[PDB]
Ligand SMILES: [Zn+2]
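Residue numbers (the entry's author numbering): 4 to 125, 127 to 261.
Structure, rendered in structure tokens:
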């Protein structure tokens, strides 16, 4: 029912999902001057060498690249986190135009897209239990700007023709998510929420400062996807981003000076 249109978009979500107006909603604007450097924060540990990608799915709101999360194969630890978080999927948010698409903003700057690598806290046993907990998820967010191509993204781009419409999936084995990371792991962190319904307040957000560059041709392929199912009126999958929400009683911390 929910989506990104005039009639079912982010300004309507609160009617079915009242937590939409809650105290720890995401995304937010990152005001770089008021974020506090926190010397007690640790380097992030991204351990993706044994990652096992399985499948790519058009779910009607984005496409998800799904992983085997039945063992500790691709995990996030350190940084602001206690314990071990397993990678379950990644997906993107993007615009109809290069001047919009990201969910987080930086001093009100919107990027062309934003990658979310979604991980759940192994102490809760599965994703569905983790989303019911205030420290259940850790989401690594990475900005995309348009410039040079990202070679590690092209295998994703090239499979999108096979999953044009809602409900389509394709085999997507042997994909290495290390090829989507920038050089630096410097980050901001704050407590927040899922950015799609059910909007649960279960996320430790870790947003990298350094964007990756992708080509205009790469992002143009994202914008050829469809929100609709096969045989239905074509609606391009663009502008699948929630705008910045009120920060309320939260502090954004920086890992770097
Ligand atoms: Zn997302």
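By construction, the Cβ of each residue, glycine as well, lies at the ideal position given by its N, Cα and C atoms.
Residue i Cβ short of 7 Å to ligand 1 heavy atom set
i	result
residue 4	no
Sub-8 Å separation of residue i and residue j beta-carbons
i	j	result
residue 66	residue 91	no
residue 94	residue 245	no
residue 272	residue 230	There is no way to answer for residue 272, as the model of the chain reaches only from 4 to 261.
residue 84	residue 184	no
residue 217	residue 151	yes
residue 248	residue 21	no
residue 163	residue 59	yes
residue 77	residue 54	yes
residue 23	residue 203	yes
residue 261	residue 161	no
residue 56	residue 178	yes
residue 153	residue 219	yes
residue 32	residue 133	no
residue 253	residue 106	no
Beta-carbon separation (whole angstroms), residue i vs residue j, contact threshold 8 Å
i	j	result
residue 258	residue 192	6 Å
residue 86	residue 125	7 Å
residue 214	residue 236	Between residue 236 and residue 214 the Cβ distance is about 39 Å, and since that is not below 8 Å, they are no contact.
residue 206	residue 198	7 Å
residue 144	residue 114	About 15 Å separates the two Cβ atoms, so there is no contact after all.
residue 265	residue 201	With the chain covering 4 to 261 only, the question about residue 265 has no answer from this structure.
residue 255	residue 194	7 Å
residue 98	residue 243	6 Å
residue 196	residue 61	Wrong, their Cβ atoms sit about 26 Å apart, outside the cutoff.
residue 169	residue 109	Residue 169 to residue 109, Cβ: 33 Å. No contact.
Reference residue i, options the options, closest by Cα
i	options	result
residue 234	221, 24, 165	165
residue 181	201, 64, 204, 155	155
residue 74	47, 122, 27	122
residue 142	113, 104, 49	49
residue 7	202, 260, 241, 171	241
residue 68	175, 131, 16	175
residue 129	88, 15, 110	88
residue 227	9, 101, 16, 27	101
residue 79	45, 15, 18	45
residue 146	135, 159, 120, 158	120
residue 51	104, 159, 72, 131	72
residue 64	12, 157, 17, 18	12
### Message
Which residues end up in the neighbourhood of ligand 1 when you take C-beta atoms closer than 6 Å to any of its heavy atoms?
### Response
This selection yields 94, 96, 119, 199.
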